[PDB]
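Coming up is one lone chain in structure tokens, specifically the form deposited without this ligand.
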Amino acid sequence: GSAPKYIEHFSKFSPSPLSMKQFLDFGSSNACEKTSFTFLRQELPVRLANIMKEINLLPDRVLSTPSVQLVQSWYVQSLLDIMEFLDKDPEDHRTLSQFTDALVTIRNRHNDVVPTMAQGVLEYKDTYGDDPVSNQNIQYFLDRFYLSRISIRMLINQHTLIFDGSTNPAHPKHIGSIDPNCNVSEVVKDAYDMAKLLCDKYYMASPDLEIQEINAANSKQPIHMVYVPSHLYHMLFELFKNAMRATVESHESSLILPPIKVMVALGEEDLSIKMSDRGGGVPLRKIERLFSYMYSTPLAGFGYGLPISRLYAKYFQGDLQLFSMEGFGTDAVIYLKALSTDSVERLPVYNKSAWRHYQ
């Protein structure tokens, strides 16, 4: 009977953004679950509390929905779940192995949040309508809610993956979900192949791929970076699925089926990935709506592919944009930060500032 108390307390702190370097040293040298354990015991409760504090200030008409209420209960339970370790002592090789098991259990407990929240969006649409204002509010809330979730899952995956149990491997290519030497083109190739498979099965035809690299400072060196490869895969995959669908459907009474071209450019601070297709394009007017949760609610189904992929890009100070040419095709660009130094977590925070965005 004290969750409201915990929430209000940790709701006083601000989340602490970690850089890609800190993440690397967290699993590298300093790496002793004790250091991580002591960090996550306070950090997770601060991040959970902050997003929960935001939820509770939602209109009661949204608040009371079975969707929001159910999800809101998982976060309350997860908070209390991690609390158990606030007073424990980390020298006990069993106190921290229970923390690891506690994390894995919290992660899977939230595994269906997107679909669940999506259901609440649909109810609202039929219960109150889809007006620019309610859309802006939902968009504002979901973008922050989901970004927060991405950051929390990152902390948990880094801990669970890194402390699997003993250091046999000792010295790895990867540090949890992070690859200090990620070959961008390879990930492009992978996401493409997976999309192609789906495309062939459903349309029994699929455009090919062309890749071009532009290493500004070192003309012919392959482009590598420090990043979370699974995150990059997700964005590329969602983009490849859209490009394929459009290209195929727009050339049905045509035999020709142009390829999808990808360019990977590396500058002094940006690492840019552009995916160009000829799937007919979209009118500038409808582009804005493609990133909407409300308005966007085989290969395609719901409308979370674009908006959530953007959040992944933004997570480490990057971005994802779309510019099309109705009657021809579309360019989708993923902007990432080239230097591990500029790669720092972007986290939404609860303040008097975040309060008036709902007024």
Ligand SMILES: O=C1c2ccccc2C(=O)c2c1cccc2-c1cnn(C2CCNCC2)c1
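Numbering starts at 1 and follows the sequence shown.
If you look for the form deposited with this ligand bound, you will not find it shown, but the lines that follow are about it.
Site accessibility, open: after C-alpha superposition of the site, this ligand as positioned in the deposited bound form shows no atom within 2.4 Å of the backbone or C-beta atoms of the displayed chain. Interface residue remark: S36 is counted as part of the site for this ligand in the deposited bound form, having a heavy atom within 4.5 Å. Although the partner is absent from this view, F23 contacts this ligand in the deposited bound form, with a non-hydrogen atom inside 4.5 angstroms. In the deposited bound form, no heavy atom of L336 sits within 4.5 Å of this ligand. Among heavy atoms of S16, some come within 4.5 Å of this ligand in the deposited bound form.
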